[PDB]
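J.:
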Amino acid sequence: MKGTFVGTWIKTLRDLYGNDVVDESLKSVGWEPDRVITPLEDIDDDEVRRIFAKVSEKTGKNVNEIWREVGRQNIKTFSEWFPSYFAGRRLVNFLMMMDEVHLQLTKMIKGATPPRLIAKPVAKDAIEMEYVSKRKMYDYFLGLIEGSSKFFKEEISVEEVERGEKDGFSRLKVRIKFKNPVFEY
Ligand code: HEM
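This is how it looks when you write it as structure tokens:
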């Protein structure tokens with residue numbers, strides 16, 4: 001994973017659980033709590049897992065709940081960094097462009113493997129969106145959806161339809177219902 005994003009995650013963990021909890025967890029992995037994450041570096045997926053596992057241990061919070069909350073908070077951060085994706089858009093449009101955004105933002109990186117986030121209309125007031133990734137970040141995905149709803153101040157209902165692994169990929173399909181219509185033309 002990329003550095004300052006994970007850096008973002010770590011910052012969020014500090015806000016939720018305190019500096020003490022986070023410092024120790026970073027220390028348990030061989031980091032200095034005040035280690036600088038450079039603007040370019042990349043941090044391994046498996047060290048992230050270990051960090052989150054330790055924060056879970058020390059807070060008693062299940063790691064899936066922690067990921068969900070990190071996802072909910074992360075949307076705000078992405079609005080600081082990529083304001084154009086948020087400006088002048090409604091929630092439905094925002095969610096519908098996510099698959100492309102993740103391709104566009106990683107296409108320059110050798111060996112990149114972004115999540116796929118394909119969405120399509122399934123009713124006049126609803127989309128189905130499918131998470132597809134080797135990383136199995138199901139709760140982060142769901143949390144990001146919830147955080148988007150909060151950020152845009154547009155209420156939604158989210159129903160999980162399918163979950164599981166296939167072809168070496170994790171997949172999670174949800175149906176998202178918007179409060180008033182969005183696919184009538
Ligand atoms: C402006 C908003 C957003 C931006 C700029 C953004 C960008 C990114 C980028 C660059 C990555 C790293 C991908 C990689 O290193 O392979 C990532 C990870 C991820 N993104 Fe987003 N994202 C945004 C919002 C969302 C939303 C709304 C969702 C779901 C609906 C989402 C789902 C995910 C997930 C689940 C990951 C973890 C990587 C994985 O599971 O494979 N993101 N995001």
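Take the sequence shown: its letters are residues 1 to 185, numbered as in the authors' numbering. The beta-carbon is built from N, C-alpha and C at its ideal position, and this holds for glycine as well.
I'd like the ranges of any beta strand (DSSP E) spanning at least 3 consecutive residues and lying wholly in the region 158-185.
T.: Qualifying beta strand (DSSP E) stretches, in chain order: 169-178.
J.: Find out if the Cβ-Cβ distance for the pair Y17, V55 is shorter than 8 Å.
T.: yes
J.: Give the single residue among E130, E128, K134 whose Cα lies nearest to the Cα of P114.
T.: Proximity to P114 across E130, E128, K134 peaks at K134, based on C-alpha coordinates.
J.: Go through the region 85-113 residue by residue and report every complete run of the alpha helix (DSSP H) that reaches 4 residues or more, in order.
T.: Within the region 85-113, the runs of alpha helix (DSSP H) that reach at least 4 residues and sit entirely inside it are, in chain order, 91-96, 98-104.
J.: Using the Cα positions of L40 and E162, report the straight-line distance between them to the nearest angstrom.
T.: Roughly 36 Å between the two C-alpha positions.
J.: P83 to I75, Cα distance in whole Å?
T.: Taking the straight line joining both Cα atoms gives about 11 Å.
J.: So, helix, strand or coil for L40, using DSSP?
T.: In the three-state reduction of the DSSP assignment, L40 falls in the coil class.
J.: Quick check: the Cα distance between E69 and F169, rounded to an integer number of angstroms?
T.: Rounded to the nearest angstrom, the two C-alpha atoms are 23 Å apart.
J.: Are the CB atoms of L91 and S148 nearer to each other than 8 Å?
T.: yes
J.: Hey, would you say the C-beta of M108 is under 7 Å away from at least one heavy atom of the ligand HEM?
T.: For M108, the distance from the CB to the nearest heavy atom of the ligand HEM is not below 7 Å.
J.: Taking the Cβ atom as the reference point for each residue, do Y138 and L117 lie within a distance shorter than 8 Å?
T.: no
J.: Could you check where the alpha helix (DSSP H) with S25 kicks off and where it finishes?
T.: 19-27
J.: Judging by CA-CA distance, which residue of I109, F52, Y85 is the nearest neighbour of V101?
T.: Comparing Cα-Cα distances from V101 to each of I109, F52, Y85, the minimum goes to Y85.
J.: Quick check on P121: does DSSP put it in helix, strand or coil?
T.: strand
J.: Looking at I43 and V6, is the spacing between their C-beta atoms short of 8 Å?
T.: yes
J.: Using a Cβ-based criterion (distance less than 7 Å to any ligand heavy atom), does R135 qualify as near the ligand HEM?
T.: yes
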